[PDB]
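Student: To kick things off, part of the complex as it is:
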Amino acid sequence: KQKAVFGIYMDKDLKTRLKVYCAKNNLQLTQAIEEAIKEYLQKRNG
């Protein structure tokens, strides 16, 4: 629930793929990034 902001320069096709993912699941772009980066740390290490 504690929030922060993030302003980065990421690739288009990749961010946009996820954008389409957010369109398909009607998800929020942010929510998807957070899920992405969340399941990424656990899939990796942290």
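Tutor: Now that the structure is in, tell me what you want to look at. Residues are numbered from 1 along each chain as shown, chains lettered A, B, ... in the order given.
Student: For the spatially most central residue of chain A, give me its contacts.
Tutor: Residue closest to the mean C-alpha point of chain A, counted by CA atoms, centre = their mean, is residue A:33 at 1.1 Å. Counting by CB atoms under 8 Å, 6 or more residues apart in numbering, residue A:33 touches residue A:18. Backbone N, C-alpha and C define where each C-beta goes, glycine included.
Student: where does it land in three-state SS?
Tutor: Taking DSSP: H, G, I helix; E, B strand; the rest coil as the rule, one finds residue A:33 in the helix state.
Student: Okay, buried residues for stretch A:22-37 please.
Tutor: Of the residues in stretch A:22-37, those with enough neighbours to count as buried (16 or more other CB atoms under 10 Å) are A:22, A:32-33.
Student: CSV for the residues you listed, including distance to residue A:11?
Tutor: Formatted as CSV, the entries for the buried residues of stretch A:22-37 read as follows, by distance: CB to CB, whole Å:
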residue, distance to residue A:11
A:22, 16
A:32, 15
A:33, 13
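Student: now for chain B:
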Amino acid sequence: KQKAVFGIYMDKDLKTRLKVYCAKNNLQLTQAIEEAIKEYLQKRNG
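Tutor: With chain B now in place:
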């Protein structure tokens, strides 16, 4: 290589966990997000 910008409000601990991941691997925050969101789409569907 085609770049875009992204400005969202994501959780702290989560984004910050990844920040520590970027500190540990000396990675770039953005590069980590992109890897995160990349491996997320493929782990999911797209």
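Student: ok chain B is loaded, check the buried residues of stretch A:22-37 again?
Tutor: For stretch A:22-37, a neighbour-count test (16 or more other CB atoms under 10 Å in any protein chain shown) marks A:22, A:30, A:32-37 as buried.
Student: Figure out the length between the terminal residues of that stretch.
Tutor: Start-to-end span of stretch A:22-37 (CA to CA, to the nearest Å) is 15 Å.
Student: Contacts only, for the nearest residue to residue A:34 once chain neighbours are set aside.
Tutor: With CB to CB, 6 or more residues apart in numbering or on different chains as the measure, residue B:10 is the residue that lies nearest to residue A:34, at 4.9 Å, once sequence neighbours are left out. Residue B:10 sits next to A:3-6, A:30, A:33-34, A:37 when contact means CB atoms under 8 Å, 6 or more residues apart in numbering or on different chains.
Student: Equivalent analysis for residue A:21, please.
Tutor: The neighbourhood of residue A:21, defined by CB under 8 Å, 6+ apart, consists of A:27, A:32, B:41, B:44-46.
Student: Same question for residue A:20.
Tutor: Shown here is residue A:20, whose contacts under the criterion CB under 8 Å, 6+ apart are residue B:46.
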